[PDB]
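Chains as they are written, first to last, in the authors' numbering: chain G, 8 to 244; chain K, 9 to 122, 134 to 241; chain H, 8 to 233; chain I, 5 to 251; chain L, 4 to 240; chain J, 4 to 240; chain F, 265 to 352; chain M, 4 to 241.
These notes are about the structure you will find just below.
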Amino acid sequence: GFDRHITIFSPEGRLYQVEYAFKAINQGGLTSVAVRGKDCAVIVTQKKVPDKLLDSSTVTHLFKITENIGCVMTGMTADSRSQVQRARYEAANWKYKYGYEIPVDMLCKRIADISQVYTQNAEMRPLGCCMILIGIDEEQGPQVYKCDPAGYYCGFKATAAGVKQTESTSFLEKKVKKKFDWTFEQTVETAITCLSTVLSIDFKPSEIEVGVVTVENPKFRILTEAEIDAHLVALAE
Amino acid sequence: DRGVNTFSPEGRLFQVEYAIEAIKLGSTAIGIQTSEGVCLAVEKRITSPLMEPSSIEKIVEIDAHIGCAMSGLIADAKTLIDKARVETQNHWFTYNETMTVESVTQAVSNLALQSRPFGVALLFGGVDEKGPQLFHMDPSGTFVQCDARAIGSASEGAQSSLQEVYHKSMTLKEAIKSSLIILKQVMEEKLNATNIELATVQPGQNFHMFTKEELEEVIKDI
Amino acid sequence: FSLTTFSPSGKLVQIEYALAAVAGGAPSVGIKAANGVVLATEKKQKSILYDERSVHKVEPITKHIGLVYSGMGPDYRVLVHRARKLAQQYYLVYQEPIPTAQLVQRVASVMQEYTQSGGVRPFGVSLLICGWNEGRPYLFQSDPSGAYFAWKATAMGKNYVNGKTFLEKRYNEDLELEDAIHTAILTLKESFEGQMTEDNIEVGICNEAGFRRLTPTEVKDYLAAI
Amino acid sequence: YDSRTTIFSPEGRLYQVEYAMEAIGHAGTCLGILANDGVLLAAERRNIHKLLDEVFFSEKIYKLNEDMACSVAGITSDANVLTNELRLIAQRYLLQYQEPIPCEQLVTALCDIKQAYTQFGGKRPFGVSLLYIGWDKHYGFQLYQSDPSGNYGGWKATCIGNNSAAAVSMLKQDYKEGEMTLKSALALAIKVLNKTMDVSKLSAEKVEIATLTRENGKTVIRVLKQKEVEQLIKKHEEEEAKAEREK
Amino acid sequence: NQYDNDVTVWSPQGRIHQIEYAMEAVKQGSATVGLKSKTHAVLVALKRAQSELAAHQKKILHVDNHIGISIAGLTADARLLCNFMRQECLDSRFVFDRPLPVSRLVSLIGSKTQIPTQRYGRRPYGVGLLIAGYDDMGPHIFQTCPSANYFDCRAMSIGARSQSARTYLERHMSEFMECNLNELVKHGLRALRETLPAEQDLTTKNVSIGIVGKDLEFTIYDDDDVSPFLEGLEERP
Amino acid sequence: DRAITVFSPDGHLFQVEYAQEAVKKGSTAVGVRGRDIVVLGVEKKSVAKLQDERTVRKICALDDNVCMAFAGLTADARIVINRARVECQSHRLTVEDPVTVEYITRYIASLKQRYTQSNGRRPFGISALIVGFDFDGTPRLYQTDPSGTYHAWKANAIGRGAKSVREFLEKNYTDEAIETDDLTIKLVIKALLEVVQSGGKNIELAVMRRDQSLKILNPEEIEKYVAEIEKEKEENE
Amino acid sequence: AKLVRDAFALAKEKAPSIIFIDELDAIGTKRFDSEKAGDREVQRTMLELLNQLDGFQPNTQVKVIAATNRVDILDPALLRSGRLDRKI
Amino acid sequence: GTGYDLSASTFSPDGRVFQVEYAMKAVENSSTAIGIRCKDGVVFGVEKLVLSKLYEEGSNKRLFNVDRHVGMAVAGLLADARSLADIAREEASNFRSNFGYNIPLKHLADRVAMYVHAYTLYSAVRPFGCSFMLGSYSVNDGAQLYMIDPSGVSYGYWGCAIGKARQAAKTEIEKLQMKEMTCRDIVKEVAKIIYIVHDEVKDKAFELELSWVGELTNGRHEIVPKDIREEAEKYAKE
């Protein structure tokens, strides 16, 4: 047998190991939402902090890969940090080999290629962490992409990952089907209300951490407590 | 279990408890270390008369002052004996003197388990500054100094007989006859010169074949 | 062990499972016309959240070599990257032949690192190759384990059987002009469930002038009046 | 019972290798017949789906060297790499000695590589058996058959296909050494191919044949195209009609 | 039991089983004791004999003038450890002309033996080491188990039926610092004699003594050298 | 249970045993000494009308004074001859004296032992046997078991029917019947003739006359020797 | 499950009895669920013993004494105040 | 279970790595530990089982010095713990050699956690059976404390515990009011918490290994003077 134990093709014609890793992303108890807007792209994920002995300063799941690209990680934290380190290394190596900064789509493609190498062979195993990376790209506007443990890198406008990712994707599909572009107030509010409807806790402005990349202002802004509180007050008005 | 490296659940890894019991399939060999020297007696156990007796050899001289008797897979014993010769020659070349039999046995034991472990037991015997010496090396990379050792299919019975027929102040003349009578008791056929090989160790002589069919002077007394 | 493996008596069980996997569900039809070759596939993205101009199913390996594929897209990315590297290496070794159709057979042959060195797990994608730098077009298929087949019209989707039946009944034929892409779209229509649109259908064409992935404008234009 | 390739049997058989060689009989069909002033190969085109274009110009018959050509009968994945390695070996010998490689030496090298593949390491045996026809200065026209076991054989009339037993029986029944010529070899090859292929009146498309002939100090390996093949078919049909009606 | 097959695999109940089996290698071996003093370290090893004709084998291996070890268990991968320790000590002599301190050597041994406990296809070194050394901080006695977890000890014994020797040492460990060389050696001899059944008794041929001191370099005493220590045995089998 | 190159619970080496039993599949091989000539035969009985008898190569030369014969797998045997021939040419390059039969047999046995060692290499299921005149006049015969060993034999008798032919040889291996070259050849016949039918031309004999090249007996002379054997059989009522 | 029922039934029918169940660790697993053994068919009998612990609540007869070596190998099912409570 | 908890490379049907789920059990079984970030430093503390009085004064100590200002308090399988401590020492030395100055605690913890994740990712090698706290102080960055699980990642901790009784220690840790208490009373309180955790109720007598780092030691992570902290042990006893 060992069809479901190693990274080999099943007799039915499937690959069960990556199918298990995708559910491993669901394992861990977390969700994230990515929304692309008219000019910006925002990502928000809940900050599940058990007990205050932890440092809320460093419990984050979102990081700066480069000066303009920011990721959010969903799944096991160790594999998440390993893939974040790999993405930072890839961005730096691209900037060294090619003068211009690495496009977010190319970075997602490289990470997905690494993950596809992982699902190839049998000595190693795929990393159970799904990464959603955003960044402003010239002649393209805001750009959002998702790289999965299989190696399929895609996703745009509104995309979510986590335990209750299906409900968030459904609500975001309803929102994007409603034909109206989101400015840099509506995109953030849409993401916040999506994640709030997914998990109804009213989202006290301490349990989420939102990352924003706009066009007029580049860079991955990890908005502070004041900014998220102001956005929450504006939304709940 | 079955893994050559995995330890047993009780006390000691397997597949080497299997390698050590390869002298059981091997033929009997007995060596006596006396003050006069070291007597190495083995059986050739020729299966057919057409095979040349000189071809079947279980005692090979590692050097002029070291003799070795094998018991087990002759194929593996060839490699071990070749490594022993190479180590002895390297030591002599480096230090311009005769390598001690204990050191040779130590080197061969080091090379014994480093590849599936070798399944042969060796009876090294030679002269040194510490008189004549004999060492029993076993497939599990272990060597022990011994005065009168038996090895082979019936190592138990031969060793038990040697335990009571040996005394601490014997000579070569008594040692050879004791080894030959024991051998005749262990084996199935008689101790014909074409079937029994004998090796002698002397402080002032190199270790040569035992008189090459003129050794009947020792088996007629038997 | 570390290569293409698992071959019992008279069988290639692992290869057969790979072929069951590449059955997929993306038709990705290919038609070799007199003027050129058309590789048309279906991009049926889940919901409208995904994008169609972000990822592509048809990839130009070189100037006039286009590529379409089947199930296991992540494997297909690595395979097309390897094919691009191999074609570039051939063009660098044999400098300036404008190698497309005298290379299409060669690049298909060098698709032996594709499967003959499987990499423990064999690739789960079958790919169709088009090239027209010989005065004549070429359509080749490489499967998860075999080699070049030199097709004239075929499909590699969930309904590839009935797709191929439609191709032969509709007479892929030999006198057909470059605009056999209409027949390719019709063949996709048989293996399509929905109102196919410009972003839903991606097609690349390779004629004697070169290869070009048709933009949604021309895809919608062809889809009009169907 | 089978396990990792490098094993034996309680009796002492290489059952993996035997299974592979028997599987070679399954699928594919090639036959080689050696005659004076010309030795030829006949191959059965398995898949004749009308949706192909036949642009590779050869599927079973492979030109491996100026003075030789082969025909595989195993899995195509190993067949391609084996043909590439065989061409590489032949051209390496040509570079080293500045002389066409003798057929026996080439076949021994290939069977050595196959024996190595079935000998050491956890690597599958090359599940492919191929014929070779060629000409050299020492032995003239030669024919060789190599199996995945790596034990080649110097044959003069043999088949390696599915109904290889029936084909070799038909050859043995209607083989005459010495008197055999290139045209008679063609007739015998077409007849035995018609015997081993159940559908009578075989089309020129389903049969691919190549003949190696010795021109003036030069070896010519001509694959017989469709028109010549069907003309041979027509001559064979005339012979069959005359033989059947004359009774 | 599946989970006990390999060293790499981890048991569901906690610690892995192969290393626990490895500690049985030292358990199935001839007994050996080792005790500290104010100024000397003494090892008393039971030279187990195959038969009366054969010698009593070799124990208390020699490492350097100030360090000596006693093996217990699998003798195959024990001369290897002896060679490693000799090589490290000689490297220390060659690099900075000073005797390698025993603690650093034991740490090196633990680090070296830890890797086989994690690398697939490598069995743990199932050897119990009783290292006696005299660094600048007086004598030292260290016990190295195949689990690569060394221990420092005032007086420790390992081998078959070594629990009785352990109990005797513990009950008499209070009067160990203030003891003469002969007194401490006799303490060790009494400890080892209590290990074997009443039929067995200490002989000059079946015992070995390893003594290292401030002015006394490590020396391996046997039958003629042991006889002065063996006198005044106070034999209570 | 276990059939790999590891020691079995009762000892032995079952893969090596299987290789040693594989020689039974093959053909008989006989050969004798005599101080005047070594002659060895195979007696192959399988030749179809369409296969060339040249390339059977059941006996092959090494250095025009050493020849070997097949018993077992043909491909492994041919690889053995190729490697052994390369080594004979090497031992002719260095050590300018020509190769000795014992040296090449030792090399073949060493190669077989090396291939039996380790799990990767199949243990060369071929039993070779080598005759030939040495540089110092004396012709010798060695027979190499597939495992690791070689033995100098007066008669080899290896292959199918080995037991019966070896019993026949050892029954009447008369040196007075050896004497002359013709007597030696006729002794090899009527011994190999005993195996299977041996009717028309099944015998495939080989000849090495002192310093002459490898002589392969012509079929007509083989029939002549068979007739002489029949004449000797006659007049014995 | 049937055995334990009639044991309780026999105990009820014959005086205020002493139900001395040995190897409680064997009866009840610590819920350390692996696919090697999930205590699936023994959870059958465990809850059966649970529902018969309250059968004799009125008139307070037939005591249950469970003997084991390691109490930690039990889930917080039998360690109940109306159920097994006196751990000694 | 069965065929899925055999190698770390085999994912569970639900998407879990059971090899690390069992490696965490060794940490849960081994002795406990505690590390508290005081107002101007970090104070460690570990109880160690003296399994036999044959052992000398506290050896194979659970506390380690991985760098000049950084210390590691580890629990679990102690041999692999020492190997990982050697790895951390090598990492700190390499960082000091390359980038100069002293390795920041967050970066050191991230690198060692990535190394541990590399060991738990593959199949031939097995996950480390140890969990440790890395504590350090500097004037520039204050005091930091990161805890690494046998497979998890470093997390910032005001006060953390690992080992046999994690919840029992953490309850009183959260009861203690940190962030305004000097490291002296924090030493006293960590000793108090460890003695509150059971020592001889079902085990042998325990020794108190306590570590120090802070401005009172100007960095320079060192073991607290045991002679003068025996009275802190006495206060903990009361």
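Just so you know, even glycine gets a beta-carbon here, dropped at the ideal spot from N, CA and C.
Endpoints, beta strand (DSSP E) assigned at residue i
{"i": "I:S75", "result": "72-76"}
{"i": "H:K39", "result": "36-39"}
{"i": "H:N214", "result": "208-214"}
{"i": "M:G48", "result": "44-52"}
{"i": "K:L141", "result": "139-147"}
{"i": "F:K278", "result": "First-last for F:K278: undefined, no H or E at that position."}
{"i": "M:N68", "result": "66-68"}
{"i": "J:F136", "result": "131-136"}
Spatial neighbours of residue i in its chain, beta-carbon cut-off 8 Å, leaving aside the 5 residues before and after
{"i": "J:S167", "result": "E197, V198"}
{"i": "I:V132", "result": "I28, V76, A77, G78, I79, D82, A83, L86, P152"}
{"i": "H:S14", "result": "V20, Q21, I22"}
{"i": "L:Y171", "result": "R193, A194, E197"}
First and last residue of the uninterrupted alpha helix (DSSP H) at residue i
{"i": "M:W215", "result": "Segment 214-217 is the beta strand (DSSP E) holding M:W215; no alpha helix (DSSP H) there."}
{"i": "G:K184", "result": "172-184"}
{"i": "H:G170", "result": "167-176"}
Option nearest residue i by Cα separation, candidates the options
{"i": "J:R57", "options": "I:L35, I:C34, I:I213, I:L147", "result": "I:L147"}
{"i": "L:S106", "options": "L:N152, L:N86, L:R82", "result": "L:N152"}
{"i": "residue 254 of chain J", "options": "J:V229, J:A131, J:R169", "result": "This structure gives no information on residue 254 of chain J, because the portion of chain J shown stretches from 4 to 240."}
{"i": "L:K39", "options": "L:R164, L:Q5, L:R157, L:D225", "result": "L:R157"}
{"i": "J:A32", "options": "J:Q18, J:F127, J:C70, J:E238", "result": "J:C70"}
{"i": "residue 241 of chain L", "options": "L:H69, L:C92, L:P200", "result": "Past the edges of chain L, shown from 4 to 240, lies residue 241 of chain L, and the structure says nothing about it."}
{"i": "F:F296", "options": "M:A116, M:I37, M:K28", "result": "M:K28"}
{"i": "K:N118", "options": "L:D94, L:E55, L:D80", "result": "L:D80"}
{"i": "H:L74", "options": "H:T48, H:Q96, H:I55, H:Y57", "result": "H:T48"}
{"i": "G:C78", "options": "G:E214, G:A94, G:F9", "result": "G:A94"}
{"i": "K:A115", "options": "K:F226, K:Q97, K:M59, K:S188", "result": "K:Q97"}
Contacting residues, own chain, Cβ-Cβ under 7 Å from residue i (five flanking each side not counted)
{"i": "H:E141", "result": "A108, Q109"}
Chain A residues whose Cβ lies nearer than 9 Å to that of residue i
{"i": "H:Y98", "result": "The structure shown contains no chain A; its protein chains are G, K, H, I, L, J, F and M."}
Same chain, Cβ closer than 6 Å to residue i, neighbours up to 5 away in sequence not counted
{"i": "M:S154", "result": "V23, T123, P130"}
Where are the beta strand (DSSP E) runs, 3 residues long or more, that stay fully inside the stretch 140-212 of chain J, in chain order?
142-147, 153-155, 208-211
Counting only Cβ-Cβ distances shorter than 7 Å, please list the residues of the stretch 298-327 of chain F near chain M, keeping chain order.
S298, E299, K300
What runs of the alpha helix (DSSP H), each 4 residues or longer, lie entirely inside the stretch 145-184 of chain I?
168-177
Give, in chain order, every residue of the stretch 142-161 of chain M whose Cβ lies closer than 7 Å to some Cβ of chain G.
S154, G155, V156, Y158, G159, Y160, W161
Let me know the alpha helix (DSSP H) ranges lying completely inside the stretch 74-153 of chain M, each 4 residues or longer, listed in chain order.
81-102, 108-124
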